[PDB]
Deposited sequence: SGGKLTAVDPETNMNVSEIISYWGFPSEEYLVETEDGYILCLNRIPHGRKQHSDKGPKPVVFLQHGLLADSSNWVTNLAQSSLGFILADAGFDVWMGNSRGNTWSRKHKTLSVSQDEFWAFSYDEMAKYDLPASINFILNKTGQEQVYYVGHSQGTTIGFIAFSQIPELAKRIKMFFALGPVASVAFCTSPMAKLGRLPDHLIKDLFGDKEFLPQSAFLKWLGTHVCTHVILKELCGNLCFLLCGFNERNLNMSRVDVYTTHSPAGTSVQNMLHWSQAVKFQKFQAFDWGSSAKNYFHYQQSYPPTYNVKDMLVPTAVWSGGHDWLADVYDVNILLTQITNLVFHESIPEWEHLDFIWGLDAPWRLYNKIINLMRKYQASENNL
């Protein structure tokens, strides 16, 4: 497969689409790579945000008529895809080197606080548009829930929020992440260091111990993304595995994994606990981390969840839906697993078509004013 050892711009150009990349600088000096599909093979803007240990690839890794990024371009949208700090394409800084611990001293807190405002405000300036549609998967969902409840000036800029496999609280997840999560913070630091989260073969074998055993592929259990997220074999293109395997995982910090462990352990949707009153005060101007309330998020939201989703589990998803003021739509696809939202064979007709039609319903209402 030519897409395996290709960059995200090369994949877009391979499928016959216009490709554009942009370097954006955050308020805290990180240099993010934005991917753009300006037209199909001024238009309304859609911003696609990847999840845990992923990248822009996620929206352009199936075929031209089965990948969200590509179908949105063909449906008449100006497609923008974000890359979270620390991944393959966003591992540059104005001052810091990738060899310094301070470079990796971030979690999804900084992604929501600095990556999203910088990325969205760059787009709105470039296009001249006043608003964007926001689509998030997995961790991209939580970045949205934080950014849009914490930054009301940014929320105003969002027409509609499409949450695919939504994650706020991760209190009841049964994914191998709750296993890594329930280890003490000092042990995670001891095993993986203070920089990039790079687990070796022995750790992934331990994380995989009798949880990834009623699977045909099994090579998928060696992959960090497939392991933490979970895959539905009834709905994956098992011939495309090497494309998914090469592009994912795409990189994150040990601190981001520490934050996800704190989310499992404390069962609270909050900012990162730095370990002491003094350390927290140095970051938040208070001794305990600020809590994030989904009730403060007034953006019109459309939610898709999977009944067999390990990470964005049924129990946590049901709690979340009761907290979304202005829930426009919600659907639970009973057999879907976490990765089905981005790589499901049936995702174009059970998901991608509904997203396009809700955007058009919003457009019809807009054009009516």
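Participant: Unmodelled stretches of the deposited sequence, numbered from 1?
Facilitator: Sequence ranges with no C-alpha atoms are 1-8, 50-56.
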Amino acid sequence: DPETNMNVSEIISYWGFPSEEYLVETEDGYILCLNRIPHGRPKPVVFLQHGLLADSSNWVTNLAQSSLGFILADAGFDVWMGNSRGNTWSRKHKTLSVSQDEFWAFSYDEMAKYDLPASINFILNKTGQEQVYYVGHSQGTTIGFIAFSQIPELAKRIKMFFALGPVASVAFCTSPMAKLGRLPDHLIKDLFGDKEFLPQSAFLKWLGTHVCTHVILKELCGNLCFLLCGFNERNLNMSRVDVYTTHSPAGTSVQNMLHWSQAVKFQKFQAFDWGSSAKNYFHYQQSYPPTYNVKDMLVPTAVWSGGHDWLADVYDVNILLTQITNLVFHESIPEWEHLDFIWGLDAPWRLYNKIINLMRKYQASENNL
From here on, numbers count along this sequence of modelled residues.
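Participant: Can you tell me which stretch has the higher mean Cα B-factor, 257-265 or 149-157?
Facilitator: The stretch with the larger average C-alpha B-factor is 149-157.
Participant: Decide which of the stretches 116-124 and 203-211 has the higher mean C-alpha B-factor, going by the entry.
Facilitator: Result: 203-211.
Participant: If you check the C-alpha B-factor for each of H137, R182, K295, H247 in the entry, which is highest?
Facilitator: Largest recorded C-alpha B-factor: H247.
Participant: Can you tell me whether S57 has a C-alpha B-factor in the lowest, middle or highest third compared with the other modelled residues of the same chain?
Facilitator: Tercile = middle for this residue's CA B-factor.
Participant: Within this chain, which third does the Cα B-factor at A302 fall in: lowest, middle or highest?
Facilitator: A302: CA B-factor falls in the lowest third of its chain.
Participant: Among the modelled residues of its chain, does the C-alpha B-factor of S67 lie in the lowest, middle or highest third?
Facilitator: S67: CA B-factor falls in the middle third of its chain.
Participant: Lowest, middle or highest third of the chain for the C-alpha temperature factor of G344?
Facilitator: Middle third.
Participant: Consider only the C-alpha atoms of the modelled residues in this chain, order them by B-factor as the entry records it, and name the third containing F231: lowest, middle or highest.
Facilitator: Answer is highest: the recorded C-alpha B-factor places it there.
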